[PDB]
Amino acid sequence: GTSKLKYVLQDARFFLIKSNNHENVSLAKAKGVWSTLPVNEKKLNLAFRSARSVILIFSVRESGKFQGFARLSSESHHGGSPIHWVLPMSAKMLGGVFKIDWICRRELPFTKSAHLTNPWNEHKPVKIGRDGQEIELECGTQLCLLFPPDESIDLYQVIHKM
């Protein structure tokens, strides 16, 4: 069902996250981590303290799809295990590392979100946006609800972190 998912998304904030390569999304899916440039790191840390859930929605550039979505479980932190991101740019330019819990590891093609517009990006289609673009609550909730259910994930433990 979708009830626990709707509960996790209640009053959430949503951010579009863009990667030039699939390998970085695969690393994030395997390790439960994400890292971004300082400008976005500051926005996400502010958001994490402001809302019950902060949701990252991932898209690999030129793939025509979103690759899933995850909830921040921590602010960014430095000094952990190195992550061998594939960068376009040195690794020192990245901020710290956020821990994330995946909510959905399934893909969604952009063709399926063509009816969703993001007020925070001039009401352009939600697929359109820079890395770090915030997605308004209603649009972000509907986008997440369009993804295929991911039956491998149990949201019970996620709910307990809220």
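All residue numbers are counted from 1 along the displayed sequence. Think of the rigid core as the biggest set of C-alphas that the two forms share within 1.5 Å after superposition.
In terms of root mean square C-alpha deviation after superposing on the rigid core in 8 other deposited structures of this protein, the stretch standing farther out between 108-116 and 94-102 is 94-102. Gap check for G79 to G80: zero deposited residues are absent from the model. Averaged over CA atoms, B-factors in the entry run higher in 90-98 than in the other of 27-35 and 90-98. Ranked by Cα temperature factor within the chain, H123 sits in the lowest third according to the deposited record. In this PDB entry, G140 carries a Cα temperature factor that places it within the lowest third of its chain's modelled residues. The deposited CA B-factor of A47 belongs to the middle third of values across its chain. Compared with the other modelled residues of the chain, the Cα B-factor recorded for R61 ranks in the highest third. Placement of the Cα temperature factor of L5 within the chain: lowest third of the modelled residues, per the deposited record.
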